[PDB]
Structures are given as C-alpha cells and as structure tokens.
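As given, the protein sequences belong to chains M and X, one line each in that order.
For the first sequence, the deposited numbering gives the first residue as 3, with consecutive numbering after it.
For the second sequence, the deposited numbering gives the first residue as 115, with consecutive numbering after it.
Using N, Cα and C, we set each Cβ at its ideal position, and we do this for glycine too.
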Amino acid sequence: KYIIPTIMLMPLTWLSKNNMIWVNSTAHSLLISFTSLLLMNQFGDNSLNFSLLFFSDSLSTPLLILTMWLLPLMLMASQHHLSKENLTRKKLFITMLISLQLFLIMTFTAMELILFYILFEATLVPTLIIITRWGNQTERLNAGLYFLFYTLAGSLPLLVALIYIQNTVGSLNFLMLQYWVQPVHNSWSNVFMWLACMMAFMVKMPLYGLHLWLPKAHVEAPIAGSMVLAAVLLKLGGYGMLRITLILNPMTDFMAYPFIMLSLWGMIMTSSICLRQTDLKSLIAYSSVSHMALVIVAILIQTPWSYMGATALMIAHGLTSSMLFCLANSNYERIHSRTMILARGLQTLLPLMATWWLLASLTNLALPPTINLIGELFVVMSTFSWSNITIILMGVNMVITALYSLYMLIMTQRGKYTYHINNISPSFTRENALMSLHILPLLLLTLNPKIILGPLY
Amino acid sequence: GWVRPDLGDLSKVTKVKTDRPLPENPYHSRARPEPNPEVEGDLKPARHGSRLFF
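Written as structure tokens, this is what we have:
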C-alpha cells in the first residue's frame, strides 16, 4: 500500500500551478503519513509479510514512521530558502526529496540484503545533488566528494561479501528463509568476511575513526538547516547492523571487541571537541556522533537489552537532533552566519522560541522519560553485563551531555545583541510549527513507547 | 587384339569381384564415447528467474 502514492507525489508537483506547489506537496504527504501509522503498527507473534519481496515487512521498524513523519517536515523548513529561486527548480527539488523518501520507504520495508543494499546506495545520489547544489557556503564540493569517498569505499566490499555468503549457504533474499545459518568457525578467511559486512555500516554509523564524513556534510550544509534532516535519516539509515550481526554472524564476535573499544573513545573524545567550536551547526554535528555511537556499542554486545535501547535511540535521535537543526536554521535565516559568539540573545527578541530551545536541548540529556532516557538507560544497563568498568567511561559522557545542552542555552541566554539590527520579526506561523511537529511526537511517546522500542518487546 | 574405344572408360563396375568383404574397419580403432543425451520434452517455467529478485 506504500508503493505508488509517493510515486504519485511525483507528477503532483509538475502538474500543479506556480501559485500553489508548496500547498499540494505538504497536504498530500500528511495524509500519506497518517496511513503508515494506521497499518504498519500491527504485529503477530513474529515478523509478518505484507507482500512478495519487492517491499517486504516490519520486524523491529517503527523507524519507517519517522521518515513518513519527516516527509512533510523537510518541506516546512525550506520555505524562506528557495523563495527567490526559479519556479521550475522548485518542482525539480521537491521531487528529489520525494525520491529520497521513496528509497527510504523501500529500504526499511524490504527484508533483503541484496535489494536493501542497492537502494541503500540509491539514497547517496539524490543527497549528493542536494548538498552540491543550493549550498550557502564555499568548498561544498569537499562535502560532496568525501560523502561518496568514505561511504562507497566501505560499502562496495558488501558486493564481495553478500554474494559470497549466498553462494555458500542457500540465499540471503527472504531473511526469514535465512535460518540455515551455520556458526562461523573463526578462520582467517572469515576475518575479512566479517569486516566487509561491518565497514559499510561503520561509515554511516560514525565511530571515532572514519567519522569526518559527518561534520563536513553538516558545516557545508545542503540547505541552511532544512535538508540536514535527510542526513539525520542517513545516520539511522545504518540499521542493517541490526540485521547483519543477528543473522549472518552470531558465533564470531571476537572481532567486535576492538570496535566497541574504538567507539568508546568515540564517546568521550567526540564530546570533548564539541565544547569550543564556533559553528552552531557543528555543535550539533559532533554531538550527533556521540549519540549514534551508543548504538554501535550496543549492537556488537548482541544482548537482548541492547537491541531494546538501540531501536529506541534510532527513533530518539531522529526527532531530537533534527529538531536542533531547525533551531540552527531559524538563527541562520536572520544573521546569515552560524557563529555562536555573534548570535547571542534570546527572550529580548525571541520569547516563545526560548521555551522550544529548552524542550530540544534538554532532550539530549535524560529528562523525564521521553525516548532518549529509555534509549540510553537500557544501553548503559546492557554494558554492565558486558563489563563492570564501562560506567566509568559512560559516566563522563553523562557529564558532557549537560555540556552539550546548557552550553547551547547559556551562549543564547546572554542578553546583549548590540550589533544585530535584524531579527526584528519574532517568528512565522510555519516557523513555530517546526518546533511543535518535532517535539509533540516526542511528548506523546512519553506515555507509551511500546510501539517504538520493539524488537520482541 | 584390335579394339579401340572412341569414348573412354566412364567408371566401369566389377560385379564378379569377391576376394575380401569391404566393411572390416579400414582405420577406426575406437567407436568414440557416446555424446550428451538429447533432452526430450517441452520446457516448463517452474522457478521463474533464479536471479536476486522476482
């Protein structure tokens, strides 16, 4: 039922007149997002099957709903931007966001390793064009080149890995078919078989090493602070790690042991750099490394508790970090430079936005249980069963998560703004709508997030 | 003794000849191993593409 309404969103933008466009693209996507919450939430004893494998089913995917929720939310943010540009290019651009969401529907629904991978790499091309065009800053080409240099050099090793496994054992295709799984005997030939499957999802899931892929894409932003939400979807786009570790190699996880250790310093040293940096977007970009590092620590332990925390964190980060980029968008559209020291002063000009600043910053910390505490606390309790010493390393991260939020608040709480003559008008009706449509689903998930953290829960 | 042909020979047949039988394998030693058996019967679609999809 999710094939050919997003494909029917494609001719909608082209056929509609120049006066409309934005009114049609948003309204005919909100009712599509209503149907995802209507049908996909149902589960039996185990994983179902909606149709024959073109798009399969859901096992532990309420993350599909999040992409459908961001299906109109990106169009909300890019309203002040692309208002002075050509009308034909507006029709060209919305279709490129739709095409991203088209393949994103496919990747989460399809329970394959072969069909998933080629449509996982089909999200790379639209983002490349979205980054390298309409980029407000210079040297945006480095953000484009390294986007496909880091990812493809790690992901093309999947072709030599995935096809090798299906040549030996049956076929990967149906996944629920793949329970012919033989335990990996830990040989030197199997060393690179494990590494090639992981390294593809060591780039999009940022570690300490090979992590420069992320901040360059955010500092040299695709569009101001509007199309960054698609890059948040690429962060949670590395959900194949949940499927590869579980199915393809359950016995041999001795090679996972150094990768947890590499991501353990991808918690402290990635949070240390995120304290002095001048760019407001980079202060979200480096914080997004640490919160997504939590999942990489969790998955490789392979305990049932870690999967509960990880699946929660994938949804938690997808609505909290993206909300922080919307706050960075609102500051950049007025000042036109993302310097934190320059843009200083809330409440004197922006009274209502200051409360939305709090409901977005403090969610990086463990508030009264939204989804972030539920995401983090299960992972920390999972790391103790792994090893007792972890909470000493994890506890330092809990201190610097306060140094994320409050430092973003204090540098905006200092009432001055002497040099600023702009930012006269407080906020548009669509501007405050972005603050509500990101936070209120998090506030509704405080009550019962049973249909959020669900890998057999 | 005088007999002259004004036409030629034009391949004359010897029916009176017996001597030895003609088929006795003049050069052949091995019969050569039997070729691949020809598949009889119409083909039916069962799997419908054994590729990665469909």
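Distance between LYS452 (chain M) and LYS418 (chain M), taken at the CA atoms: about 45 Å.
For a Cβ distance threshold of 8 Å, residue set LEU166 and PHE167 of chain X lies close to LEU117 (chain M), ordered along the chain. Beta-bridge pairing by DSSP links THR341 (chain M) to M:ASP281. Within a 10 Å sphere around the beta-carbon of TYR181 (chain M) sit fewer than 16 other beta-carbons, which makes this residue exposed.
The region 136-154 of chain X and the region 405-419 of chain M do not touch, with fewer than 3 CB-CB distances between them shorter than 8 Å.
Per DSSP, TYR141 (chain X) lies in no alpha helix (DSSP H) segment and is marked neither H nor E.
Per DSSP, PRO74 (chain M) is one residue of the alpha helix (DSSP H) stretching across 65-79.
Leaving aside the five residues that flank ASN188 (chain M) on each side, the residues in its chain whose CB is nearer than 8 Å to its CB run, in chain order, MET253, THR254 and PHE256. If you check the CB distance, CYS276 (chain M) and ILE246 (chain M) do not come in under 7 Å. Counting along the chain, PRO128 (chain M) sits inside the alpha helix (DSSP H) bounded by residues 126-134. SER265 (chain M) is positioned such that its CB atom lies no closer than 7 Å to that of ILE317 (chain M). Between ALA295 (chain M) and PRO217 (chain M), the CB-CB gap reaches or exceeds 7 Å. Shortest Cα-Cα distance from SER292 (chain M) to any of M:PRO353, M:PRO260 and M:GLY211 involves M:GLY211.
In this structure, the CA atom of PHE168 (chain X) is about 9 Å from the CA atom of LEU54 (chain M). The way I'd put it, the region 9-18 of chain M does touch the region 96-103 of chain M; three or more beta-carbon pairs between them come closer than 8 Å. Secondary structure at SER323 (chain M): helix, using DSSP grouped into helix, strand and coil. Take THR111 (chain M), set aside five residues on each side of it, and the residues of its chain with a beta-carbon closer than 8 Å to its own are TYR4, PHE52, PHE57, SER58, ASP59, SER60, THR63 and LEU66, in chain order. Distances from the alpha-carbon of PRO159 (chain M) to those of M:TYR148, M:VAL171 and M:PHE203 put M:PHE203 closest.
Here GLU154 (chain X) is exposed, its C-beta having fewer than 16 other C-beta atoms within 10 Å. Taking a contact to require three or more Cβ pairs closer than 8 Å, the region 436-449 of chain M and the region 320-333 of chain M qualify as touching. Only exposed fits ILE394 (chain M), as fewer than 16 other CB atoms lie within 10 angstroms of its CB. If you ignore the 5 residues before and after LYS93 (chain M), its C-beta comes within less than 6 Å of the C-beta of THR15 and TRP16, all in its own chain and listed in chain order. Taking 7 Å as the cut-off, the beta carbon of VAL381 (chain M) is found closer than this to the beta carbon of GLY311 (chain M). The DSSP assignment places 161-170, 190-201 and 215-221 as complete runs of the alpha helix (DSSP H) inside the region 153-235 of chain M, in order along the chain (cut-off: 4 residues). Apart from the 5 residues on each side of it in sequence, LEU106 (chain M) sits with its Cβ closer than 7 Å to the Cβ of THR69, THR125 and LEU235 in its chain, given in chain order. Take the alpha-carbon of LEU449 (chain M) and the one of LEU364 (chain M): they are about 18 Å apart.
Shown here, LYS93 (chain M) sits in a helix according to DSSP, grouped into three states. A check of alpha carbon separations from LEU164 (chain M) across M:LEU177, M:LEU115, M:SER438 and M:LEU150 identifies M:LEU115 as the nearest.
Take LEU361 (chain M), set aside five residues on each side of it, and the residues of its chain with a beta-carbon closer than 7 Å to its own are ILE441, in chain order.
Counting the other CB atoms within 10 Å of its CB gives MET263 (chain M) a total below 16, which places it among the exposed residues. Inclusion of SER18 (chain M) and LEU73 (chain M) in the CB contact set at 7 Å is not warranted, their separation being larger than that value. The beta carbons of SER228 (chain M) and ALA79 (chain M) sit about 4 Å from each other, so the pair counts as a contact at 8 Å.
Taking C-beta atoms as the reference points, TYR152 (chain M) and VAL205 (chain M) count as a pair closer than 7 Å. In terms of Cβ geometry, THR414 (chain M) and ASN366 (chain M) do not form a close pair [threshold 7 Å].
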